[PDB]
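Please read the structure below before turning to the comments.
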Amino acid sequence: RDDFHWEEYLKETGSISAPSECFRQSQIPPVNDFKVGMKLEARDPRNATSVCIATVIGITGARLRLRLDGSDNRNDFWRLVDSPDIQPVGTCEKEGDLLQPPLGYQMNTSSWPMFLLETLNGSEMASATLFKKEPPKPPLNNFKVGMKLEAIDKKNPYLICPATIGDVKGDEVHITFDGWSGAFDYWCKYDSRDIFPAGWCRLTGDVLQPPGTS
Ligand SMILES: CNCCCC[C@H](N)C(=O)O
C-alpha cells in the first residue's frame, strides 16, 4: 500500500518496532545486481540435500524469484542475495558434491548430464561478486513480545508482511501477521533470514504488504 509508512503505523498502533540488532539481516542492506535470466546454484527447497541449477525468474528488493532448471513453473521460491542457499555455478563441485536434478525435474533422469550442459550453454552465469556475505548471527535473542517487524508469509513466500512477535521461547519467536488470522502464524529461530526489521522493504525496494483487515 502506498499509504503505509512505519513511523505512522507505529504511532497509530501504539507499538514499537524490533531494533535492527535483533535480526540476522545486514544494517546496510546488500545490493542486488542480479538480472532476470541469470543462472546460479541453489539448494532444492523440496530436497535440502540437493544443489541444483536455478534461473532468476524475477527480482524484488534484495530478493530473487528462482526456478530450478528442468522443473515446472509452480514451485518457484524466493531467496535473499546474501542467502547461504544460493551460490555461483561451480561451487557445488568445490564442496565435494555433484549437482542433482530438481525434485520436480520434468525429464528422464538419464537426460540430466546433457540437460545440464544444454541449459548452461551460452547462458549468463551470475558472478561470485553478486553473492553477498551473510550477516553475522545476533549473539542473543533480543526480541520482546509485542515488537513489530516485517516477516515472510511461509505459506505465500513472495509476501513480506507487517508482523508482531507473539511469543518468545529460547532461541525461537512466534510470528503473527497483523490483520490476519492465526492461520498464518509460525515459530522460527530469532536469526531466521525470513524476518526483517521495520523499514527493510523500503530500504531495499521490496514490496511490503499492507496489514490485513481483521
Ligand atoms: C499473512 N498473509 C496472508 C496472505 C493470504 C493470501 C491468500 N490469497 C488468501 O487470501 O488467503
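Just so you know, these numbers use all the heavy atoms, side chains as well, and skip hydrogens, waters and symmetry mates. When a ligand or atom number is given, it counts from 1 through the structure's own listing order. Sequence positions, counted from 1, serve as the residue numbers for this chain.
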Atom 8 (N) of ligand 1: any protein heavy atom closer than 4.0 Å: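 Given the 4.0 Å limit, the answer for atom 8 (N) of ligand 1 is no, no protein heavy atom qualifies.
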
If you have a sec, work out which protein heavy atom is nearest atom 4 (C) of ligand 1 and how many Å separate them, to one decimal?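 Going atom by atom, the protein heavy atom closest to atom 4 (C) of ligand 1 ends up being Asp153 OD2, 3.4 Å.
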
What protein heavy atom sits nearest atom 11 (O) of ligand 1, and how far off is it?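 Closest protein heavy atom to atom 11 (O) of ligand 1: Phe184 CZ, 4.0 Å.
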
Salt-bridge present (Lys132, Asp82; N to O < 4.0 Å):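 Answer for the salt bridge query: no.
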
Geometric class of the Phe177/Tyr186 ring pair [parallel <30°, tilted 30-60°, perpendicular >60°]: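 Rings of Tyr186 and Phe177: tilted, as their planes differ by 30° to 60°.
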
Please assess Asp72 against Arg67 for the test salt bridge (charged side-chain N to carboxylate O under 4.0 Å, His left out), listing each intermediate value before the final yes or no. CA-CA 8 Å; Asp72 63 79; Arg67 180 172 304 152; over 6 Å; no

Quick check on contacts: which atoms of ligand 1 are under 4.0 angstrom from a heavy atom of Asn156?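 Those atoms are 4 (C), 5 (C), 6 (C).
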
Do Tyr9 and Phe4 have ring centroids that are under 6.0 Å from one another?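 So the answer is yes for these two rings.
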
